[PDB]
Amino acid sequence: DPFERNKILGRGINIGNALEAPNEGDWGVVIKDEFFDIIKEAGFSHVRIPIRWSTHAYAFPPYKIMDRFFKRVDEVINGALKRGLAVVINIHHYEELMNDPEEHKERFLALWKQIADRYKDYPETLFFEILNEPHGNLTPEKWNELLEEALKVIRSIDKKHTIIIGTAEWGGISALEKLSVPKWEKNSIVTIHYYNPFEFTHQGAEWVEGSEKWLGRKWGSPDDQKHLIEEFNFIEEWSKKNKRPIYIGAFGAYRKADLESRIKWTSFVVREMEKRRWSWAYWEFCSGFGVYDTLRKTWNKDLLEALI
């Protein structure tokens, strides 16, 4: 039952700027095995692991995933399962697929055939997230077609694991009403990433064009709160109407935002998601949006309190 699987996910955290970089560590984070003890002890139920499989698979048929990398992902998944954490794995940063979905469709499906084959007998606490933030030439209508093709591939191999399906137009709420999950699939959770107000969460983010113009933006007024509730109500009404559980798989404010606003925004988002019984995963553990200092081995106490 996917709603029971959503309850199993519960509170989570992304270990980002790690396996979704071109190579692990390039973006600042290597997934240490002790991180799983740290995260479980703090109270989280699961970890979300962004993975850029596309740079670790051949470009020509059968698009085989490279041995060393598969072994590494196995090591990470098993490290998390050892502590009783549920685990979400995905395909992240496959830009070629977004820019030309027609050319990369079969390669994308070969990746899922291999990933489902690899993990089909792993525990039910492992979840498969089809694709992080479809966007660009992978339009909402093309994503509805591609996600159904992925579901068919995965289900041809594995009818046990819950699958997580995102929205197009970069994975937020804008294309939620356009999302179509096939009626025949009954064990999926829909995921939405929530970073609104984007100008607040992303102020000064170096990889976002013109974000410097947002530096200093605050968050916390009664009107800021009402706007966010309006958006969460929209998502909740969609969930109720379409009978699909919701997972906010990524949300967080960048370190350049003032700490007090980050705490208020993060704490309010978590209280409001929990009132709607949604599962979620904070973005992210220890990098630019981080809440844990790997050198001092300490959590930012106020941001951790906002989460747990």
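Note that residue numbering follows the sequence shown and begins at 1.
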Report task. Averaging the C-alpha B factors as listed in the entry, name the stretch that ends up higher: 143-151 or 96-104. Result -> 96-104
Requested in this report: Mind pulling up the entry and telling me whether 78-86 or 209-217 has the higher mean Cα temperature factor?
Outcome: 209-217
Report task. Would you mind finding, among 194, 184, 112, 128, the residue with the largest C-alpha temperature factor in the entry? Result -> 184
Requested in this report: Determine which member of 116, 163, 138, 173 has the highest CA B-factor, using the values in the deposited entry.
Outcome: 173
Query raised in the report: According to the PDB entry, is the CA B factor of residue 282 in the bottom, middle or top third of its chain, that is, lowest, middle or highest?
Result: lowest
Query raised in the report: Lowest, middle or highest third of the chain for the C-alpha temperature factor of residue 291?
Result: middle
Query raised in the report: When the modelled residues of the chain are sorted by Cα temperature factor, does residue 275 land in the lowest, middle or highest third?
Result: middle
Query - For residue 188, the third of its chain into which the C-alpha B factor falls - result: middle
Query - B-factor third for the C-alpha atom of residue 259 within its chain - result: highest
